[PDB]
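Student: Data: entry_17.cif, mmCIF, C-alpha atoms.
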```
data_start
#
loop_
_atom_site.label_atom_id
_atom_site.label_comp_id
_atom_site.auth_asym_id
_atom_site.auth_seq_id
_atom_site.Cartn_x
_atom_site.Cartn_y
_atom_site.Cartn_z
CA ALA O 1 -15.26 -31.90 50.09
CA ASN O 2 -13.56 -28.55 49.38
CA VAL O 3 -15.15 -28.36 45.92
CA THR O 4 -18.59 -27.57 47.32
CA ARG O 5 -16.84 -25.39 49.90
CA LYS O 6 -15.19 -23.50 47.04
CA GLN O 7 -18.57 -23.44 45.28
CA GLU O 8 -20.30 -21.85 48.27
CA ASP O 9 -17.63 -19.14 48.59
CA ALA O 10 -18.74 -17.12 45.55
CA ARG O 11 -22.44 -17.82 46.19
CA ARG O 12 -22.30 -15.88 49.47
CA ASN O 13 -20.04 -13.32 47.71
CA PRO O 14 -21.33 -12.84 44.14
CA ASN O 15 -19.42 -9.88 42.70
CA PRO O 16 -18.67 -9.55 38.96
CA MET O 17 -14.46 -11.37 25.44
CA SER O 18 -12.14 -14.07 24.04
CA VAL O 19 -10.17 -12.59 21.15
CA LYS O 20 -7.07 -13.93 19.42
CA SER O 21 -3.50 -12.76 19.97
CA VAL O 22 -0.09 -13.49 18.42
CA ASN O 23 2.79 -15.66 19.60
CA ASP O 24 5.70 -13.27 20.23
CA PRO O 25 9.31 -14.50 19.96
CA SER O 26 10.26 -12.64 23.16
CA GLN O 27 7.72 -14.46 25.35
CA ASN O 28 7.39 -18.03 26.61
CA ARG O 29 4.57 -20.47 27.34
CA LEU O 30 4.11 -23.20 29.93
CA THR O 31 5.41 -26.65 28.99
CA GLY O 32 7.10 -29.70 30.46
CA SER O 33 6.05 -30.66 33.97
CA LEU O 34 3.02 -28.45 34.61
CA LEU O 35 1.64 -28.96 31.09
CA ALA O 36 1.41 -32.70 31.79
CA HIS O 37 -0.92 -32.02 34.73
CA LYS O 38 -3.20 -29.93 32.50
CA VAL O 39 -3.58 -32.93 30.17
CA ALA O 40 -3.88 -35.65 32.84
CA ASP O 41 -7.04 -34.39 34.57
CA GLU O 42 -9.26 -34.34 31.45
CA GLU O 43 -9.29 -37.65 29.58
CA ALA O 44 -11.57 -40.62 29.06
CA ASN O 45 -12.64 -42.72 32.02
CA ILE O 46 -12.65 -46.51 31.61
CA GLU O 47 -14.37 -48.71 34.21
CA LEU O 48 -12.57 -52.04 33.96
CA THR O 49 -14.42 -55.37 34.07
CA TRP O 50 -12.21 -56.95 36.72
CA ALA O 51 -12.02 -60.75 36.39
CA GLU O 52 -9.81 -63.56 37.67
CA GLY O 53 -9.21 -66.13 34.93
CA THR O 54 -5.67 -66.48 33.54
CA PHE O 55 -5.64 -70.12 32.44
CA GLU O 56 -6.40 -68.77 28.96
CA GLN O 57 -3.20 -66.73 29.30
CA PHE O 58 -1.35 -69.79 30.61
CA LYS O 59 -1.98 -72.45 27.98
CA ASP O 60 -1.71 -69.98 25.09
CA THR O 61 1.89 -69.41 26.24
CA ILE O 62 2.56 -73.12 26.77
CA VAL O 63 1.59 -74.17 23.24
CA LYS O 64 3.97 -71.60 21.72
CA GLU O 65 7.62 -72.66 21.75
CA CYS B 1 52.44 -9.19 -26.41
CA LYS B 2 49.65 -6.63 -26.29
CA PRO B 3 48.21 -5.18 -23.06
CA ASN B 4 44.87 -6.90 -23.79
CA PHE B 5 44.62 -10.45 -22.37
CA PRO B 6 47.89 -12.35 -22.45
CA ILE B 7 47.73 -15.68 -20.61
CA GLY B 8 51.13 -15.59 -19.00
CA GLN B 9 51.57 -17.44 -15.67
CA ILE B 10 50.42 -19.35 -12.62
CA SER B 11 47.01 -17.69 -12.14
CA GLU B 12 45.80 -19.51 -9.03
CA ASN B 13 42.16 -19.36 -7.88
CA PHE B 14 40.46 -17.90 -10.95
CA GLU B 15 37.75 -20.56 -11.29
CA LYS B 16 35.28 -18.47 -9.28
CA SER B 17 36.34 -15.28 -11.09
CA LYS B 18 35.69 -17.01 -14.42
CA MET B 19 32.34 -18.60 -13.63
CA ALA B 20 30.81 -15.53 -11.99
CA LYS B 21 31.66 -13.54 -15.11
CA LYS B 22 30.09 -16.38 -17.10
CA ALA B 23 27.07 -16.39 -14.79
CA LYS B 24 26.45 -12.67 -15.33
CA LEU B 25 25.85 -13.41 -19.02
CA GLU B 26 22.48 -14.97 -18.13
CA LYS B 27 21.50 -12.41 -15.48
CA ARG B 28 21.48 -9.77 -18.22
CA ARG B 29 19.99 -12.26 -20.69
CA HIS B 30 16.79 -13.15 -18.83
CA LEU B 31 15.99 -9.44 -18.70
CA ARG B 32 15.65 -9.91 -22.47
CA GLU B 33 13.39 -12.91 -21.85
CA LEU B 34 10.89 -10.85 -19.84
CA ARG B 35 10.83 -7.84 -22.18
CA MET B 36 9.80 -9.77 -25.30
CA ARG B 37 7.00 -11.52 -23.40
CA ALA B 38 5.88 -8.14 -22.03
CA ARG B 39 5.10 -6.94 -25.57
CA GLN B 40 2.70 -9.81 -26.40
CA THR B 41 -7.41 -19.16 10.59
CA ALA B 42 -10.39 -18.51 12.87
CA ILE B 43 -11.03 -19.87 16.37
CA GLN B 44 -11.58 -23.63 16.46
CA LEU B 45 -13.49 -25.75 18.97
CA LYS B 46 -14.12 -29.44 19.67
CA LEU B 47 -16.59 -31.98 21.05
CA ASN B 48 -15.10 -33.61 24.14
CA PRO B 49 -17.23 -36.38 25.71
CA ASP B 50 -16.13 -35.13 29.14
CA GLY B 51 -16.43 -31.40 28.50
CA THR B 52 -18.91 -30.73 25.71
CA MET B 53 -18.49 -27.54 23.65
CA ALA B 54 -15.04 -26.80 25.06
CA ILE B 55 -12.57 -24.28 23.62
CA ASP B 56 -9.03 -25.37 22.85
CA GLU B 57 -5.90 -23.84 24.33
CA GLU B 58 -3.65 -23.64 21.26
CA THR B 59 -5.74 -21.99 18.53
CA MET B 60 -6.72 -19.24 20.98
CA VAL B 61 -3.65 -17.40 19.65
CA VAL B 62 -1.85 -17.52 16.30
CA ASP B 63 1.84 -18.00 15.57
CA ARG B 64 2.15 -15.64 12.54
CA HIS B 65 5.34 -17.50 11.53
CA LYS B 66 4.18 -20.91 10.24
CA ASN B 67 2.45 -19.29 7.25
CA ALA B 68 5.67 -17.35 6.67
CA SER B 69 7.74 -20.53 7.00
CA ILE B 70 6.16 -22.41 4.08
CA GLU B 71 6.46 -19.26 1.95
CA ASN B 72 10.24 -19.37 2.46
CA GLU B 73 10.69 -23.08 1.74
CA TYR B 74 10.03 -22.98 -2.02
CA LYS B 75 12.68 -20.29 -2.57
CA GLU B 76 15.93 -20.57 -4.49
CA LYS B 77 19.00 -21.56 -2.46
CA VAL B 78 22.12 -19.88 -3.86
CA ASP B 79 25.73 -20.17 -2.67
CA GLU B 80 27.29 -16.71 -2.62
CA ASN B 81 30.66 -16.11 -4.28
CA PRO B 82 32.11 -12.73 -3.24
CA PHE B 83 32.46 -11.66 -6.89
CA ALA B 84 28.70 -11.70 -7.60
CA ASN B 85 27.64 -8.77 -5.40
CA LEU B 86 30.11 -6.42 -7.13
CA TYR B 87 28.81 -2.84 -7.20
CA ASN B 88 29.87 0.16 -9.27
CA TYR B 89 28.80 3.77 -9.79
CA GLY B 90 25.93 2.46 -11.90
CA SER B 91 24.25 0.85 -8.90
CA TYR B 92 21.27 1.73 -6.69
CA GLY B 93 20.20 4.39 -9.18
CA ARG B 94 17.38 5.49 -11.43
CA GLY B 95 16.50 4.40 -14.89
CA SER B 96 16.79 1.49 -17.31
CA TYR B 97 17.44 0.85 -21.01
CA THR B 98 14.57 1.75 -23.33
CA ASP B 99 13.87 -0.69 -26.15
CA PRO B 100 15.18 0.90 -29.38
CA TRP B 101 12.28 2.22 -31.41
CA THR B 102 10.76 0.52 -34.45
CA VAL B 103 9.40 1.67 -37.80
CA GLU B 104 6.08 0.08 -36.84
CA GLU B 105 5.84 2.56 -33.95
CA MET B 106 6.94 5.54 -36.07
CA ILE B 107 3.65 5.57 -38.01
CA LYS B 108 1.83 5.33 -34.67
CA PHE B 109 3.85 8.32 -33.41
CA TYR B 110 4.15 10.92 -36.18
CA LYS B 111 0.45 10.60 -37.04
CA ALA B 112 -0.28 11.18 -33.35
CA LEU B 113 2.12 14.15 -33.59
CA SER B 114 0.46 15.40 -36.80
CA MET B 115 -3.12 15.33 -35.48
CA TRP B 116 -2.39 16.61 -31.98
CA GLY B 117 0.17 19.34 -31.41
CA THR B 118 2.38 17.62 -28.87
CA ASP B 119 0.27 15.77 -26.30
CA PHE B 120 2.26 13.24 -24.27
CA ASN B 121 -0.69 12.33 -22.02
CA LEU B 122 -2.44 9.99 -24.48
CA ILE B 123 0.63 8.82 -26.39
CA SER B 124 1.78 7.24 -23.11
CA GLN B 125 -1.19 4.85 -23.09
CA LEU B 126 -0.90 4.17 -26.83
CA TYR B 127 2.50 2.62 -26.03
CA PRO B 128 1.12 0.38 -23.31
CA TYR B 129 4.16 -0.25 -21.08
CA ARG B 130 6.20 2.79 -22.10
CA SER B 131 6.35 5.79 -19.79
CA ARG B 132 5.88 9.56 -19.95
CA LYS B 133 9.59 10.37 -19.55
CA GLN B 134 11.32 8.63 -22.45
CA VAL B 135 8.75 9.62 -25.09
CA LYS B 136 9.69 13.17 -24.10
CA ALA B 137 13.34 12.13 -24.46
CA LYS B 138 12.44 10.79 -27.90
CA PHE B 139 10.84 14.16 -28.72
CA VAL B 140 14.10 16.03 -28.05
CA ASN B 141 15.98 13.25 -29.85
CA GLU B 142 14.09 13.61 -33.13
CA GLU B 143 14.72 17.37 -33.21
CA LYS B 144 18.47 16.82 -33.57
CA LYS B 145 18.65 13.89 -36.01
CA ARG B 146 15.64 14.65 -38.28
CA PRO B 147 15.09 18.41 -37.91
CA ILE B 148 12.78 18.60 -40.95
CA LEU B 149 10.00 16.15 -39.99
CA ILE B 150 9.09 18.10 -36.84
CA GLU B 151 8.61 21.06 -39.19
CA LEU B 152 6.35 18.92 -41.38
CA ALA B 153 4.48 17.87 -38.24
CA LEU B 154 4.08 21.55 -37.34
CA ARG B 155 3.23 22.72 -40.86
CA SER B 156 0.42 20.21 -41.48
CA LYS B 157 -2.57 21.77 -39.67
CA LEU B 158 -5.53 20.11 -41.42
CA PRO B 159 -7.14 16.67 -41.64
CA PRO B 160 -4.45 14.32 -43.00
CA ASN B 161 -4.94 11.39 -45.37
CA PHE B 162 -8.14 10.19 -43.72
CA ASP B 163 -7.03 6.72 -42.67
CA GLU B 164 -6.97 7.58 -38.94
CA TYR B 165 -10.72 7.04 -38.45
CA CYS B 166 -10.02 3.45 -37.42
CA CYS B 167 -7.08 4.77 -35.37
CA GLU B 168 -9.60 7.22 -33.90
CA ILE B 169 -11.64 4.24 -32.71
CA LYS B 170 -8.70 1.87 -32.14
CA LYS B 171 -8.12 4.01 -29.05
CA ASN B 172 -11.88 4.22 -28.43
CA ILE B 173 -12.63 0.47 -28.51
CA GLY B 174 -10.93 -0.31 -25.19
CA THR B 175 -13.70 -0.35 -22.57
CA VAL B 176 -16.42 1.29 -24.65
CA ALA B 177 -18.44 3.51 -22.33
CA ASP B 178 -19.62 7.13 -22.38
CA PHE B 179 -16.92 8.42 -20.04
CA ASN B 180 -18.23 11.99 -20.31
CA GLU B 181 -21.17 10.99 -18.08
CA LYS B 182 -20.49 7.41 -16.95
CA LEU B 183 -17.87 8.99 -14.69
CA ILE B 184 -20.70 11.19 -13.38
CA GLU B 185 -23.21 8.46 -12.56
CA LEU B 186 -20.98 6.31 -10.34
CA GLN B 187 -19.68 9.46 -8.66
CA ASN B 188 -23.35 10.21 -8.00
CA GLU B 189 -23.50 6.71 -6.50
CA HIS B 190 -20.41 7.56 -4.44
CA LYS B 191 -22.09 10.55 -2.79
CA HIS B 192 -25.36 8.59 -2.58
CA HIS B 193 -23.56 6.01 -0.43
CA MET B 194 -22.11 8.84 1.67
CA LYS B 195 -25.61 10.31 2.08
CA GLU B 196 -26.52 7.00 3.71
CA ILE B 197 -23.56 7.30 6.07
CA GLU B 198 -24.49 10.55 7.80
CA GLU B 199 -28.04 9.22 8.17
CA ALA B 200 -26.57 6.08 9.74
CA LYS B 201 -24.23 8.32 11.76
CA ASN B 202 -26.59 11.06 12.92
CA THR B 203 -29.30 8.62 13.98
CA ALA B 204 -26.50 6.98 15.97
CA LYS B 205 -25.82 10.43 17.46
CA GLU B 206 -29.38 10.78 18.75
CA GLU B 207 -29.45 7.32 20.34
CA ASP B 208 -26.55 8.56 22.48
CA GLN B 209 -28.56 11.59 23.62
CA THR B 210 -31.54 9.53 24.81
CA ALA B 211 -29.55 6.97 26.82
CA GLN B 212 -27.17 9.42 28.50
CA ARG B 213 -30.16 11.49 29.63
CA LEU B 214 -31.93 8.38 30.96
CA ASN B 215 -29.28 7.39 33.52
CA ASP B 216 -28.93 11.04 34.54
CA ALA B 217 -32.52 10.99 35.84
CA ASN B 218 -32.15 7.47 37.27
#
```
How does this structure look as structure tokens?

Tutor:
Amino acid sequence: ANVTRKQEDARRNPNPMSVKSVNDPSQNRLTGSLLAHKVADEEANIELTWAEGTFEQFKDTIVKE
Amino acid sequence: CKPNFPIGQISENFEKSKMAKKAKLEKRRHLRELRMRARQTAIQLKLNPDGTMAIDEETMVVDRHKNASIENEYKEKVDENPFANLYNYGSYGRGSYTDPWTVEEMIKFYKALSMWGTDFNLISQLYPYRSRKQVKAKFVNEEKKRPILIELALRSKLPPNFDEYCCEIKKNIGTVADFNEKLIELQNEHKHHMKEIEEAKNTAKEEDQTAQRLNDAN
């Protein structure tokens, strides 16, 4: 609900180039905890076909010693 | 029991003094190997199903060390013994040892010194990897040992035994082109390309004058 509220902020207030650089050995980059949140918001959705079976899982285990 | 090399007692820890002397034999030797053979990374992107035509975070910048790392890996790994890096007065200095001259090169030299007076500019290229300095050191050398052949080189002022007409063209067969005016025509091309540049520059000067006047009136 705050996404459209954030969207409408800059629409009422509209007020206004990607070149390489070099990794320097006296400077650091984000990693660890906050890097795992950058990778966990953008990945593939899977809508699971939820069932309730499980006798196939039962007897397959029974027949194996 | 002379003062030159008696083996005479305990002599502990000389195995590295021996082998580094023995290893210097080849460091000077493979200089003789090379002399005889001398004679003869943009920006990348991706197709994400979620975000199509997205730009990746890592290739935005470059490391500048990974391409240096692989360069280092196929290098020789040597274990330093403190007797190898020995330095003397003959260290970190000029010069080398010139290859001692041959009778083959004498008849390429004195005939060049009989036709021309003494012209070290073109003798230097005749001897392809010899330099301007030591042929001048050879010139002062041959005054002292053979003082009579430099007189015969001076005295003979005429066409010699006319065998040098091939040797005239043996110099003139390398990259056959009329250098008296082929040097002129590409230099003409060099100023022709420059004559484009001011036209490309000065028309870029006048486009500045029309735009900076336009926003003045606006």

Student: With the file shown as input, list the residues that the PyMOL selection byres ((chain B) within 6 of (chain O)) selects, as a list in words.

Tutor: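 Residues picked by the PyMOL selection byres ((chain B) within 6 of (chain O)): residues 60, 61, 62 and 63 of chain B.
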
Student: Report, in Å to a single decimal, how far apart CA of residue 35 (chain B) and CA of residue 84 (chain B) are.

Tutor: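 The value is 23.4 Å.
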
Student: So which residues touch residue 97 (chain B) within 12 Å, counting only C-alpha atoms, skipping near sequence neighbours fewer than 3 positions away, as a PyMOL selection string?

Tutor: chain B and resi 28+31-32+35+94+100-101+130+134

Student: Counting only C-alpha atoms, which of B:7, B:45, B:153, B:38 gets nearest to residue 116 (chain B)?

Tutor: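 With only C-alpha atoms as the atom set, the closest residue is B:153.
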
Student: So how far away is CA of residue 147 (chain B) from CA of residue 121 (chain B), in Å?

Tutor: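 Taking CA of residue 121 (chain B) and CA of residue 147 (chain B), their separation equals 23.2 Å.
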
Student: Please produce, as a tab-separated table, a per-residue contact table for region 26-115 of chain B versus region 166-169 of chain B (criterion: any atom at most 12 Å away, all atoms listed in the file considered), showing the nearest atom pair and its distance in Å to one decimal, sorted by chain then residue number.

Tutor:
```
residue	atom	partner	partner_atom	distance
B:107	CA	B:167	CA	11.1
B:108	CA	B:167	CA	9.0
B:109	CA	B:167	CA	11.7
B:111	CA	B:167	CA	9.7
B:112	CA	B:167	CA	9.6
B:115	CA	B:168	CA	10.5
```

Student: List as a ChimeraX atom specification the protein and nucleic acid residues near residue 170 (chain B), meaning an atom at most 12 Å away when only C-alpha atoms are counted, but skip any in the same chain fewer than 6 places from it.

Tutor: /B:108,126,163-164,176

Student: To one decimal place, how far is CA of residue 16 (chain B) from CA of residue 75 (chain B) in Å?

Tutor: 23.6 Å

Student: Determine the residue membership of the PyMOL selection byres ((chain B and resi 135-146) around 12) for the file above and supply it as number ranges by chain.

Tutor: B: 98-101, 105-106, 109-110, 113, 118-127, 129-134, 147-153

Student: Nearest to residue 29 (chain O): which of B:9, B:90, B:199, B:57 is it, counting only C-alpha atoms?

Tutor: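 Closest residue, counting only C-alpha atoms: B:57.
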